[PDB]
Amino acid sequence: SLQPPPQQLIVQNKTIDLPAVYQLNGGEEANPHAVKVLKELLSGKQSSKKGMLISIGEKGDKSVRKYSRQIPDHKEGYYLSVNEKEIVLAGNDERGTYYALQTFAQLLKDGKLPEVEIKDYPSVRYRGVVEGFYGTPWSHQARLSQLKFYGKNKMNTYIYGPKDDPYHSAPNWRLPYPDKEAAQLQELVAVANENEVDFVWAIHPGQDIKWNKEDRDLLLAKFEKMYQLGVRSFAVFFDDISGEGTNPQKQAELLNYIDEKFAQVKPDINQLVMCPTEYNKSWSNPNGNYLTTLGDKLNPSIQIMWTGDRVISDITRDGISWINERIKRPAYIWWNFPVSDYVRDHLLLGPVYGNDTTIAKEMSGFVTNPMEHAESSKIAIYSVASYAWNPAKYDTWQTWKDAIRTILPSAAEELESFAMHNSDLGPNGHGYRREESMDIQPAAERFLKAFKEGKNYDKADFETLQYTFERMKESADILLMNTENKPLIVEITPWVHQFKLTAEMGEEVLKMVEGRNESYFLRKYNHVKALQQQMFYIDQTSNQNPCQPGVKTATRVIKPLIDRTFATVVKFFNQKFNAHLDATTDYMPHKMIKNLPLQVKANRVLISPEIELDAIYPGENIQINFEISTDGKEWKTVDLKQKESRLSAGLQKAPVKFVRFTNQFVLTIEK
């Protein structure tokens, strides 16, 4: 399965052996990056002057003169041919020759090649990744690995813009990088060049930019220093800011000044990109004229970025036409998937889908904003590479499977099993959701409905759930010990542990359904209660980021199933044996005398939108939005302050175990 799929492919069902004795033509004329790949594949084979002919070169080189007519007349296009007597690897330009070898490398298997002819080129001019998320920026090693990944998948763009890089954004975007960070960026650029990737360095100055000569000159001085480090593509982001930086007339003038005094003065600058302050339809001004101002003032060579109809959205034909009408050029798509910086307790490992596949001519570029987990993002990145290169033939599910088999061949099935149940985002402010657990959902929904209303469940559906849980446990244990992609495993391990505990809980709950006798049921009940507590421990000790801490997995279908089956069967037990077992499904060490479950997040205890803690803690503050004690007997009332329904008051380290109130709701304690 060639990825991305070529534009034109003719196979003959007739295999050739990689020439043991070959004759290379064009080694000095062709792209050095391509020739190096070629000679890696040919090492061990002899280079003579009367063997099989292998011709490599760009349009214009002597080596591929005979094949001029076969080379497509497109940027980054190429022509590949394998048959009995010769091999031809001929790009329209140097990058086309490199991409010819990346396809050649996939055809080579077991030392054999198929007799084939390919004419290929991209449907979208700029294709790649923008590291533009909030959170821990990608490590240096992760970025080196990404750049090699892009080259293999014909992605030609890496836009560097981590929101939390202080020399990229507020306040030190005026400062050059320190020597150590500068030497790393220098290495990234060299590696990006080796893989035919345009390293685009972006700057995010709009929050405190002043529209005067001082800051303008400092922005250009920063760009000049990046240029000295090898950067040849540049971007200016004006997203997620307020104040004077949001002025469209000023933004355009600044980028036109950069164009004329910098990008037009250098001999070798490629991409110049800007991200508007209004970067999606929902948040644009209907009264105002922000986008039309940018469209008319910005020089035509400058790209404008756009995330679609909303911050998180799929790109449609109606949405791309809406924006292009206003910016007077094809939009440079910034696709906010699989980025998870607003649902950081979730991994988004599902397939890439939703984007119209007939609008290649309507977009100038397409970049994906990934997760801060670099390797885990390779599933979607690989799929975006396929989509952007050949939208007409984009196969969502087949490309998802191909990505997984490339990222972890030694345990692809195990990773597919894990990814299938780690795709949805759970409820979020954007209302953006993805499918998850689709294969087992029919059985789960029929099993639970028959269960709640006293019918009979199909034994086949029951064994499907047993099969699923068993397979989940196999995949978790195999993935935990996989040493083929250690960075990947480190990223996902907290979720893999939570994944396994879910599976184990599911099996014990199903054993509670089979029932048998009273003591066995109680054994299973106690084991489930212990597994709940173990999942709480992980949720409180792993991935303790300051936004959505903890670890959530299989949230769309499987976890709801298990929790509602446990609740139901415990209810039937209490009715049958006149018991009072606890039917709650999430462990909580604190207690409130409402049906709203308390939640623990970092050092906060909150009521879901009188309390007794499991111990005494020093108090920080309370935040209610519409009295305290240590032993339950003696209380010490406290007063509140107010703004727009924001109640609050500091406790000043006073011991607290009890809280009460009578006439959203959070208690912060010291840890």
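One-based numbering along the sequence shown.
A.B. asks: When you step from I593 to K594 in this entry, do you jump over none, 1 to 3, 4 to 9, or 10 or more residues of the deposited sequence that have no coordinates?
C.D. replies: The entry has a gap there, with 4 to 9 residues left out between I593 and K594.
A.B. asks: So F626 and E627 are neighbours in the shown sequence, but is anything from the deposited sequence left out between them? Give the count as none, 1 to 3, 4 to 9, or 10 or more.
C.D. replies: Per the record, 10 or more deposited residues are absent between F626 and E627.
A.B. asks: On mean Cα temperature factor in this entry, is 276 to 284 or 174 to 182 the higher one?
C.D. replies: Stretch with the greater average CA B-factor: 276 to 284.
A.B. asks: Mind pulling up the entry and telling me whether 638 to 646 or 617 to 625 has the higher mean Cα temperature factor?
C.D. replies: The stretch with the larger average C-alpha B-factor is 638 to 646.
A.B. asks: Quick one: which of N247, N193, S542, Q303 shows the highest Cα temperature factor in the PDB entry?
C.D. replies: That would be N247, according to the entry.
A.B. asks: Looking at the C-alpha B-factor values in the deposited entry, which of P409, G77, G515, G161 comes out highest?
C.D. replies: That would be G515.
A.B. asks: By the recorded C-alpha temperature factor, relative to the other modelled residues in its chain, which third is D309 in?
C.D. replies: Tercile = middle for this residue's CA B-factor.
A.B. asks: Which third of the chain does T668 land in by C-alpha B-factor: lowest, middle or highest?
C.D. replies: It belongs to the middle third of the chain when residues are ordered by C-alpha B-factor.
A.B. asks: Which third of the chain holds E187 when residues are ordered by C-alpha B factor: lowest, middle or highest?
C.D. replies: For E187, the deposited C-alpha B-factor lands in the lowest third.
A.B. asks: Give the position of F469 by CA B-factor within its chain, expressed as the lowest, middle or highest third.
C.D. replies: Its C-alpha B-factor belongs to the middle third of this chain's values.
A.B. asks: Hey, what third does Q8 fall into on Cα B-factor, ranked over its chain?
C.D. replies: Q8: CA B-factor falls in the middle third of its chain.
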